[PDB]
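Protein chains in written order, with this note's numbering: chain A, 1 to 157; chain B, 1001 to 1743; chain C, 2001 to 2073; chain D, 3001 to 3080; chain E, 4001 to 4030; chain F, 5001 to 5143; chain G, 6001 to 6088; chain H, 7001 to 7042. All C-beta atoms, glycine included, are put in the ideal place defined by N, C-alpha and C. Everything on this sheet refers to the single structure shown next.
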Amino acid sequence: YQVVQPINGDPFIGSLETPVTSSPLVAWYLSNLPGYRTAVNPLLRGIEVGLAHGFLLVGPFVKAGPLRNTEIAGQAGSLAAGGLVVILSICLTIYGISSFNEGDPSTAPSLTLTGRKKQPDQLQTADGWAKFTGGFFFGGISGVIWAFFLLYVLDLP
Amino acid sequence: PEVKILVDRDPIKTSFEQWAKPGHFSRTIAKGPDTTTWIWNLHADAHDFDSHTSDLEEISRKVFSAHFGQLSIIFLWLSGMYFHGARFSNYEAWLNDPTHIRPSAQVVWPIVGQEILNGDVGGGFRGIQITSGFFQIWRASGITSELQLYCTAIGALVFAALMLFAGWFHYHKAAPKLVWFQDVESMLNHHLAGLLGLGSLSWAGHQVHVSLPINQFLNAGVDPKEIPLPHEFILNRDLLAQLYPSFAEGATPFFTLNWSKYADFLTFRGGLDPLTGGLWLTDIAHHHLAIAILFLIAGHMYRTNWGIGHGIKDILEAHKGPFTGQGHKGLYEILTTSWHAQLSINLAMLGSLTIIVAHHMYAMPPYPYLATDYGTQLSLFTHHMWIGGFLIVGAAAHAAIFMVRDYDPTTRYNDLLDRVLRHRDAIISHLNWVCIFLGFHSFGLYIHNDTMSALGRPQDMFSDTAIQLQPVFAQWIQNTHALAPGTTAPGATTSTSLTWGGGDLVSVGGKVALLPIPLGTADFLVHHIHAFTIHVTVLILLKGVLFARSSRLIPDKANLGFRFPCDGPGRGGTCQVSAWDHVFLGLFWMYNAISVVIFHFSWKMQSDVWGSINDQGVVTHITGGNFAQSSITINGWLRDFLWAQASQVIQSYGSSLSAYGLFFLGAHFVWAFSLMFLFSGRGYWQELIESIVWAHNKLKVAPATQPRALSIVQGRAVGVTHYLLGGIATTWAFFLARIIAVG
Amino acid sequence: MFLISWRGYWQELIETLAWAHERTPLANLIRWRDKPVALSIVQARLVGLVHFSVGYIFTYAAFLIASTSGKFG
Amino acid sequence: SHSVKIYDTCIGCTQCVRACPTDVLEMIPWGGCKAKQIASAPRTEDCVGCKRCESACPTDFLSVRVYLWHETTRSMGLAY
Amino acid sequence: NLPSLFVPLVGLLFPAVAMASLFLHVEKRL
Amino acid sequence: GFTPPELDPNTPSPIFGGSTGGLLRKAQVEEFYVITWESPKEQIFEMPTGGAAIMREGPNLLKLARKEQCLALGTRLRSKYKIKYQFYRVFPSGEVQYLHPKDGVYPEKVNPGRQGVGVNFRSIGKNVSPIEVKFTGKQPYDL
Amino acid sequence: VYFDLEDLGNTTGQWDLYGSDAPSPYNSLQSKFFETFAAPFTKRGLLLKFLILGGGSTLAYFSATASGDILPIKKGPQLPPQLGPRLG
Amino acid sequence: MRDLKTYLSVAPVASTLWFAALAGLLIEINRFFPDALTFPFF
Ligand code: CLA
Ligand code: CLA
Ligand code: CLA
Ligand code: CLA
Ligand code: CLA
Ligand code: CLA
Ligand SMILES: CC1=C(C/C=C(\C)CCC[C@H](C)CCC[C@H](C)CCCC(C)C)C(=O)c2ccccc2C1=O
Ligand SMILES: CC1=C(C/C=C(\C)CCC[C@H](C)CCC[C@H](C)CCCC(C)C)C(=O)c2ccccc2C1=O
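Given below as structure tokens:
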């Protein structure tokens, strides 16, 4: 009995299967993250990603920033997280513009791990990527706003 | 399977015939030189035995006798140190007044002006101050007269002769059989129980009969000439009994298990003796006794000829699990076959040991009047750090030589090694990431502090007064050590080391010995620097080992050897793919890591530890406690450490320390000299040499041994050798001038 | 660095990094348009000479101007 | 792809082909030396430019030459 | 007042636009 | 006249547990390689990428990422063992290109059906100076 | 089989390892909400222009209207100007 | 014996003997005629 096996049975594809890679807990969790919802409209997945990340970025900017100890503007240091959402959204946009042309099909895999034919994720299309970028921007600005809306009754404001 | 003495008679004839045939060991080199490259190869291959012959028995015999040669040299060197201690030392005057006199064991001849190096060391003695530490050893050993040092030098010389003789004897007369070497259980049993055990026990004997009493008379202020000779304590037990009453019993409490009655001279007090500033000799003798018992027990683990005990192969094979397959199966065959494998493990563990020694000797000064001699302490710590780091890089080199030369899955397979090789890309990729993360989040914090301090924002720095990064874990640990005596070590009177326990500052001759070492944001940042540098060294070396066989760039790399310059400009360029070049690259990073470590030691010890103490107990540290506020910034290292503490070595001209000024500049010179080799390449040099050769043929003075530029690999080796020598000797001169002047 | 370390070391290292990126979830959603390789041999000579020279000039300029202007005399 | 050429100083010892790690070179018949064979580089699109062939040539001067040229995935030795 | 406009203009906006644009030109395929 | 043996899929592959050294996206979108050989028995051999694998008795098929890996392993199969090998290039369309041994004869053995490529009929020192091919697309060694 | 010249995606491991392929767990009305509101940002060129000009003018605004209570550079020196080594 | 003289004729050994003699000579000359920036005998 051995825990490590080749990836999907093929020992000459360069990888391995471990509790870290192929595990029911891990496979379910990764499968239930927005990026891995291949049939969903990329705009909604971008909404979720942007909401989570934009919400996250507020913390370090406010607590570690230069105005951190001037509580009058230190709280308002969330503008910086907003600006980073802007810059990241630029990076996404030029990534898609550079990566996908107008009429090209998805570059995502069209097979499953078990060999059956799959429909490829539209995220890897020019239109799908543009939708994911718009969703990440909207959700990101929105998540920053939501985090900034809560200044109260938290052990680390 | 019956362990026994096995040798062969007269395998190699003692003759000068091959003394006269240079390169006799190599079939190619023995043909002599057509070009100058020959001369270098003769020296690079001289000790590469498994390249001279493929017979394991011959290789083992060469290795064995060579070890005898090494031990002969070591005994000759010790003979030198004791003889200079007897004939050219102020050791008796120092033995009277240790806190004032400076130890000096070398005197120079008055030829060319150099007699200035014979400085005032006290005791009416002119000479060079020594930082090795032999005076504190000799005092701790009860040695009083120069005569005793003479006798030790003569014995050491005799043992040099005996070791040399045994080397010649076991290579040319009685040369052990290969089965004799491979008897690993016998060897481990005899080195655990026989060498380490009986050695520690013998030393405990000398200490309880010589070191303890003579040090009692020294500590009681008795004049060393008036102290009874060490054997008078063995003869008349009344001398010892007056000093240590337990000796009136006649070792009856030892057999009757009344051992508690020996708590007189066998003690667990811990801490430091406040008179000498060194560890309690009672604790040390007790220590060597306990160690002796432990090793004497450990030496019965392995089975030999009487059925009881362990076979190591059995132990290995039983250890396997669901993640590692059949692991450990095959390692007994590898470790009884490959010398380079054994040398790899032993270099790793011996170097790591040397570093641990470096820490434990400063934090627990074992010899009397050693802690307060800051030149000797700094010298010892720095020295052993260097030895350790070098030895570890060697361990990488020989792991690589094993992988290239002795690894064969069709013959001597191991599951663990195969699996590692089977995810080498994952291992090295993750180590790479950790190195980048550590670089940013250790050194990038320094850059953050320099930038904030330059912009006039010290409140935005990482500091004990701004954004604190406290080493909470280490602080909690040293607190727990401070609370240990009486609680989790009720037998321990005081703290394990004065760096732990609060209070109990120890001062000797007005100078401090040890006090509690504080820890703060500065120490945090530095420690993550050490983590970073070590991780990058490990990255270079481990990457060198795991991809020595092959890689995606070069599938047949093992066929190119362990030491080769490249596989050419193709595939984008493949320079320095060899495992050798990974050792070459890792040497620089061992230099970087160890350099920052010893700078951290000097800086921290002068700032927060060493210094003078008032009659009323006010401590003035050599530097003004400026570690916490000045080390958290690179500019602070440049200014308050390098620029400040280099004043002694650049001001040493005209004194007895001027040799350290000369070595400062000269080591700078050889370090810069290395950059010629490291930054260039042999094609340029060979072309230039073509023009020079033309000039010689013009005057009929071109040599037959055709001049050639160094090989690519030799260019690298020369380069790294001079880089390391220059840097290390520069820090050497810097340290010794600094701490000899201000210590 | 660029003057003492030569290329093959970095090329193999970058191969391990390519493996790392392709086998990391979420990140392998992102693909490079240009195959990451180690700098060329000559290119490293140039890059290292440029760092050596920029550091040379900027170091001596800082010392020159600060040491003179600080005194102005 | 790197250019690789053979010159009629070739003596047909076959060592360039034996050294090549990507099989770029062949031995073809020829009447100009005693070995009656000369090297050839019909597969330079696989040439990685390591110059093991040049290290292998005994002719003074060389009879194989590798002129490193336009880089490709194959010439850069990329497995990715 | 003017430096508060042109320092971020040439130190933030101009490098972002130039880097993005050059990125596009450099990644283009004809 | 030589007929290249066609690549037979369903040919067994060596016994091996998998490694990080194997194929990547390059094999999916660009090209990969396949080496086949005949073994007299089950043997252990060193993989050009991972660690150790078990060569199977009979026909063996092994997909590798680069041509040089095929030629390295084949060199060893011919050297350590005494095994005939062939290998091919495989494009993502399924098309196969036989590569080696190109003639059915190893290239270090002169075979008469071989045509000269890149052969210049002059000493290397007789190449012209760059100035003589300047502004022309040519290189002095292309002649 | 693990080698098939007909299907190279399977042969070269071209799979979606963690792709779910399940239907939307996002309920509608939420979906239509974000689909109608994030729609203007789904044209990548237009979004690029809106981000560069919007973020650029935003930056220009907070830079032009910054207060000395936030930036020492607007506050200016508040101390009497010192005297140079030999000069002003 | 012949082989030992041969070994003593080898480059490094002949070099140590030669430069050791030269060093003793120069040392003794600087012992009887120390300092000296010039050739004073004219
Ligand atoms: C005492 C006389 C003696 C004689 C005549 C020989 C004769 C021979 N020996 Mg033996 N041997 C001797 C003593 C002797 N040995 C001793 C004392 C040892 C223990 C170390 C050995 C161990 C030994 C081994 C392991 C081997 C030989 C080998 C050989 C043969 C090769 C020739 C040779 O050794 O050239 C060598 C000439 C030298 C000058 C060697 C000098 C090495 C010294 C010890 C190093 C000194 C260290 C130095 C101080 C470092 C500081 C440098 C600093 C100044 C920069 C040769 C016939 C080799 C063999 O079998 O050939 C195939 C072989 O492998 N011998
Ligand atoms: C070409 C030499 C040169 C150099 C090295 C500088 C350097 C500098 N200028 Mg100046 N400037 C220049 C020419 C130059 N300037 C000219 C000809 C004008 C018009 C009269 C200005 C008007 C100007 C203003 C109003 C301001 C600066 C400011 C500054 C400082 C901050 C940088 C900045 O805001 O962007 C520079 C802004 C510009 C408008 C420069 C562009 C002017 C011409 C058309 C340059 C051509 C640019 C072209 C599109 C790209 C060519 C690349 C390069 C070769 C110029 C900086 C030290 C700011 C300052 O003082 O901060 C404290 C500031 O507010 N500059
Ligand atoms: C050369 C141009 C340049 C300029 C003009 C600035 C300007 C600024 N920097 Mg930056 N920086 C630069 C280069 C520059 N930096 C470079 C090259 C580096 C790499 C070493 C850094 C790294 C750096 C760090 C680490 C930090 C700064 C910070 C700051 C801010 C400190 C003053 C402050 O507290 O304001 C006010 C403080 C605020 C939080 C207000 C936020 C400003 C809003 C969000 C502007 C909106 C941005 C806009 C929408 C998007 C911009 C992209 C655009 C082109 C589309 C300031 C606005 C600090 C900072 O930003 O705090 C988090 C800080 O942490 N800088
Ligand atoms: C209790 C028995 C004993 C002792 C004390 C030693 C001691 C030592 N061995 Mg050994 N060895 C032993 C048994 C023993 N061995 C057995 C059973 C085997 C397997 C058959 C080996 C095989 C072995 C190998 C292959 C090597 C060693 C080596 C060493 C030295 C390691 C370096 C060191 O620690 O220097 C410390 C120095 C001292 C402690 C000075 C005291 C040394 C005295 C003179 C020797 C005492 C033990 C000796 C074996 C007695 C025999 C002498 C008699 C036959 C004439 C060391 C002196 C290395 C070596 O040979 O170095 C030259 C090495 O290569 N040992
Ligand atoms: C007990 C430990 C130990 C042992 C027995 C060995 C044994 C061996 N090593 Mg290893 N190694 C070690 C430690 C050790 N090494 C350490 C600490 C390092 C890190 C530097 C290395 C790194 C290493 C590398 C990279 C290589 C070896 C190689 C070898 C083999 C060839 C030795 C030789 O003939 O060189 C001959 C010895 C010399 C030419 C002496 C050179 C002079 C040095 C460079 C200068 C010393 C400076 C001096 C101390 C200070 C200035 C004085 C001066 C001014 C007079 C040999 C079997 C080589 C090999 O090919 O393996 C098969 C090889 O490539 N080792
Ligand atoms: C001071 C000189 C120097 C520097 C800066 C480095 C830097 C580095 N080396 Mg190198 N090295 C050097 C000398 C140097 N080396 C020399 C002389 C040699 C010859 C022996 C080598 C040989 C060597 C080897 C063999 C290896 C390295 C490795 C590494 C990397 C370690 C990982 C890391 O810390 O990432 C973090 C980066 C840093 C700590 C650098 C400073 C980062 C700054 C402070 C952050 C600033 C960012 C800021 C936003 C900039 C943006 C501004 C904008 C205008 C662009 C690192 C980037 C190892 C590696 O590949 O990495 C795993 C590796 O294996 N080095
Ligand atoms: C300077 C340099 C050289 C030239 C250096 C050489 C050739 C060193 C050899 C010089 C010594 C002095 C030759 C030894 C001469 C004999 C010892 C005879 C001396 C006569 C008496 C004085 C003993 C290289 O060959 C080289 C190769 C690869 C990378 C970098 C470099 C490099 O930087
Ligand atoms: C570190 C190192 C690398 C690795 C370094 C690489 C791959 C460069 C990575 C660059 C990254 C992308 C950041 C570069 C940032 C630059 C400061 C930005 C300049 C870009 C424009 C201004 C042109 C080599 O490839 C190499 C090759 C040959 C000899 C020595 C070395 C060598 O030392």
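Sequence-distant residues of the same chain with beta carbon closer than 7 Å to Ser1089(B), five excluded per side:
The residue given as residue 1089(B) occupies position 89 in the second sequence. For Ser1089(B), where only same-chain residues beyond five positions count, the Cβ hits under 7 Å are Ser1104 and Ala1105.
Cβ neighbour criterion (16 or more within 10 Å) applied to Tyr1(A):
Here residue 1(A) corresponds to residue number 1 of the first sequence, with the count starting at 1. Its Cβ having fewer than 16 others within 10 Å, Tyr1(A) is exposed.
In the DSSP output, which residue or residues are listed as bridge partners for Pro6(A)?
Mapped onto the first sequence, residue 6(A) falls at position 6. According to DSSP, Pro6(A) bridges with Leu16(A).
Kindly confirm or deny that the segment 27-40 of chain A and the segment 6022-6029 of chain G touch, where touching means at least three C-beta pairs closer than 8 Å.
Touching, yes, given that three or more Cβ pairs across the two stretches are closer than 8 Å.
Using 8 Å as the Cβ pair cut-off and three pairs as the minimum, do the segment 2019-2032 of chain C and the segment 1588-1595 of chain B touch?
Result no; under three Cβ-Cβ pairs closer than 8 Å.
Given a limit of 9 Å on CB to CB distance, which residues of the segment 2013-2026 of chain C reach chain F?
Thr2016, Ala2018, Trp2019, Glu2022 and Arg2023
Quick one: what's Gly1127(B) bridged to in DSSP?
Taking the first residue of the second sequence as 1, we reach residue 1127(B) at position 127. Partner(s): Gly1119(B).
Using alpha carbons as the reference points, say which of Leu1071(B), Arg1563(B) and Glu1058(B) lies closest to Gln1714(B).
If you number the second sequence from 1, residue 1714(B) lands on position 714. Out of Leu1071(B), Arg1563(B) and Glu1058(B), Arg1563(B) has the C-alpha closest to the C-alpha of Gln1714(B).
Three-state secondary structure (DSSP) of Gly5058(F)
Here residue 5058(F) is taken as the residue at index 58 of the sixth sequence, counted from 1. The answer is strand: DSSP assigns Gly5058(F) an E or B state.
At a cut-off of 8 Å, would you count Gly4011(E) as near ligand 2, judging by its Cβ distance to the nearest heavy atom?
Position 11 of the fifth sequence, counted from the start, is the residue given in the question as residue 4011(E). Yes.
Would you say the beta carbon of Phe61(A) is closer than 8 Å to some non-hydrogen atom of ligand 3?
The residue given as residue 61(A) occupies position 61 in the first sequence. Checking the Cβ of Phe61(A) against ligand 3 gives yes.
Taking 9 Å as the threshold (C-beta atoms), are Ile90(A) and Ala4016(E) in contact?
Residue 4016(E) sits at position 16 when you count from the first residue of the fifth sequence. Residue 90(A) sits at position 90 when you count from the first residue of the first sequence. Yes, they are a contact pair.
Pick helix, strand or coil for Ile1234(B), following the three-state DSSP scheme.
For this step, residue 1234(B) is matched to residue 234 along the second sequence. Note: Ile1234(B) maps to helix in three-state DSSP.
Have a look at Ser1079(B) and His1209(B) and give me their C-alpha separation to the nearest angstrom.
Along the second sequence, one-based indexing puts residue 1079(B) at 79. Along the second sequence, one-based indexing puts residue 1209(B) at 209. Pairing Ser1079(B) with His1209(B), the inter-Cα distance amounts to about 24 Å.
Taking only beta-carbon positions, decide if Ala4018(E) is within less than 9 Å of chain A.
Reading the fifth sequence from its first residue, position 18 is the one you call residue 4018(E). Chain A, which has no Cβ nearer than 9 Å to the Cβ of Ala4018(E), makes this no.
Step through the CB atoms of chain A and report whether any lies within less than 9 Å of the CB of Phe4006(E).
In the fifth sequence, counting from the first residue as 1, residue 4006(E) sits at position 6. No, its Cβ sits nowhere closer than 9 Å to a Cβ of chain A.
Which word fits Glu5095(F), buried or exposed, when buried means at least 16 other C-beta atoms lie within 10 angstroms of its C-beta?
For the purposes of this step, residue 5095(F) is taken as the residue at position 95 of the sixth sequence. Label assigned to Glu5095(F): exposed.
Ordered along the chain, which non-local residues of its own chain (more than five positions away) have a Cβ less than 7 Å from that of residue 2983(D)?
The first residue shown for chain D is 3001 and the last is 3080, placing residue 2983(D) beyond what the model contains.
Quick check: is any heavy atom of ligand 8 less than 8 Å from the C-beta of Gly1726(B)?
Locating residue 1726(B) in the second sequence gives position 726, where the first residue counts as 1. At a threshold of 8 Å, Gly1726(B) does not count as near ligand 8, since its beta carbon sits no closer than that to any of the ligand's heavy atoms.
Per the DSSP calculation, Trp5037(F) is bridged to which residue(s)?
Position 37 of the sixth sequence, counted from the first residue, corresponds to residue 5037(F). Partner(s): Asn5060(F) and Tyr5085(F).
Touching by the beta-carbon criterion (3+ pairs, under 8 Å), the segment 5044-5064 of chain F and the segment 1411-1422 of chain B
Contact between the segment 5044-5064 of chain F and the segment 1411-1422 of chain B is present, with at least three C-beta pairs closer than 8 Å.
Is the distance from the Cβ of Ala1156(B) to the Cβ of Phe1075(B) below 9 Å?
As a working mapping, residue 1156(B) is identified with position 156 in the second sequence. As a working mapping, residue 1075(B) is identified with position 75 in the second sequence. Result yes, Cβ atoms of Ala1156(B) and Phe1075(B) sit closer than 9 Å.
Within this structure, are the beta carbons of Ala1160(B) and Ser1072(B) separated by less than 9 Å?
Along the second sequence, one-based indexing puts residue 1160(B) at 160. Along the second sequence, one-based indexing puts residue 1072(B) at 72. Contact flag set, yes.
Can you tell me which residues form a DSSP beta bridge with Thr1620(B)?
For the purposes of this step, residue 1620(B) is identified with residue 620 of the second sequence, where counting begins at 1. DSSP output for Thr1620(B) lists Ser1612(B) as bridge partner(s).
Count the other C-beta atoms from every protein chain shown that fall within 10 angstroms of the C-beta of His1310(B), then say buried if there are 16 or more, exposed otherwise.
Numbered from 1 along the second sequence, position 310 holds the residue referred to as residue 1310(B). Flag for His1310(B) reads exposed.
Among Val26(A), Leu25(A) and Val4(A), which one has its Cα closest to the Cα of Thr5020(F)?
Taking the sixth sequence and counting its residues from 1, the one referred to as residue 5020(F) is at position 20. Closest by C-alpha distance to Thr5020(F), out of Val26(A), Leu25(A) and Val4(A), is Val4(A).
Run through chain D and tell me which residues come within less than 7 Å of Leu1553(B), C-beta to C-beta.
Residue numbering aside, residue 1553(B) sits at position 553 when the second sequence is read from its first letter. By Cβ distance, chain D contributes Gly3077.
Starting from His5100(F), trace the beta strand (DSSP E) both ways and give me its first and last residue.
On the sixth sequence, position 100 is the one that residue 5100(F) refers to. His5100(F) -> beta strand (DSSP E) spans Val5096 to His5100.
Name the chain B residues that come within less than 8 Å of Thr5020(F), Cβ to Cβ?
As a first step, residue 5020(F) must be located in the sixth sequence, where it is residue number 20. Within chain B, the residues near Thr5020(F) are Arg1422, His1423, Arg1424, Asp1425 and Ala1426.
Going straight from the alpha carbon of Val3017(D) to that of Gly1327(B), what length do you get?
Here residue 3017(D) corresponds to residue number 17 of the fourth sequence, with the count starting at 1. Here residue 1327(B) corresponds to residue number 327 of the second sequence, with the count starting at 1. So the two alpha carbons sit approximately 42 Å from each other.
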